[PDB]
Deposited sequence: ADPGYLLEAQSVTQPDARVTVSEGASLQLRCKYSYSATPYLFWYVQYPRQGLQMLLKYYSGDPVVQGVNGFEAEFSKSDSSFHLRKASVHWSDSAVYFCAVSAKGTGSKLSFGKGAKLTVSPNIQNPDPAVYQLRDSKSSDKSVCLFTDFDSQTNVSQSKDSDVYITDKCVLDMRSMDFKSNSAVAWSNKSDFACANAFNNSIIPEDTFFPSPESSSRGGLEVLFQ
């Protein structure tokens, strides 16, 4: 028998904070241990490898894991995570010698909230080019966007875009509705938004 246990399917941390991703395995023999990472829309790729010797192994970008024979653990850690670390991390255990005895963990989806230096929360109205949408934007990472308590009102979850030239990131959620009388003032009515949110017009 062989298995790998990661306790949390989802993990959110603020940019700049430290990271631990836990991994327990069950295997009767001496194993090889790995961490894989899967960046958005890509396949998995090796991040950390443990063969033997020093229990602490190191990888690119300050990643490391520690093998504990006593605890059957291979926890991953990083001193300070950044937005680009947002990905799904898989722990894995393998028998030596063969490729026929490999087990992946369920994986942990890490979300790293970017630090929004100059928050400027606002709700704008956009006109259709060819109908209208509302754009909640420029809020701090902490704000969360709730779904509408109205089936005919659609609200997407928070999304981070990066204007790379400009070294500038921003959060945004979109709301739209077919129904007449939909207004941007009440669009995100049942979300908890900053009291200083800018409502133009």
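- When the deposited sequence is numbered from 1, the segments without any C-alpha atom are 1 to 8, 139 to 141, 213 to 226.
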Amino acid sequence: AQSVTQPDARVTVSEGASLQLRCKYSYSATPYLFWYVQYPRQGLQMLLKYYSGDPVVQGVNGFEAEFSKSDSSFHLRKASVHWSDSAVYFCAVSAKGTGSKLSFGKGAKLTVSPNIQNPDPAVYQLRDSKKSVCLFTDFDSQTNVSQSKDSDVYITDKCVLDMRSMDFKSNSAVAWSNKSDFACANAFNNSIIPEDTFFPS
From here on, numbers count along this sequence of modelled residues.
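- Once the C-alpha B-factors are averaged per stretch, 165 to 173 and 35 to 43 rank with 165 to 173 first.
- Between 113 to 121 and 91 to 99, it is 113 to 121 that carries the larger average Cα temperature factor according to the deposited entry.
- Taking the PDB entry at face value, the top CA B factor among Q58, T156, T137, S148 belongs to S148.
- Remark: of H82, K131, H75, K78, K131 shows the highest value [criterion: C-alpha B-factor in the PDB entry].
- In the PDB entry, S52 places in the lowest third of its chain by CA B-factor.
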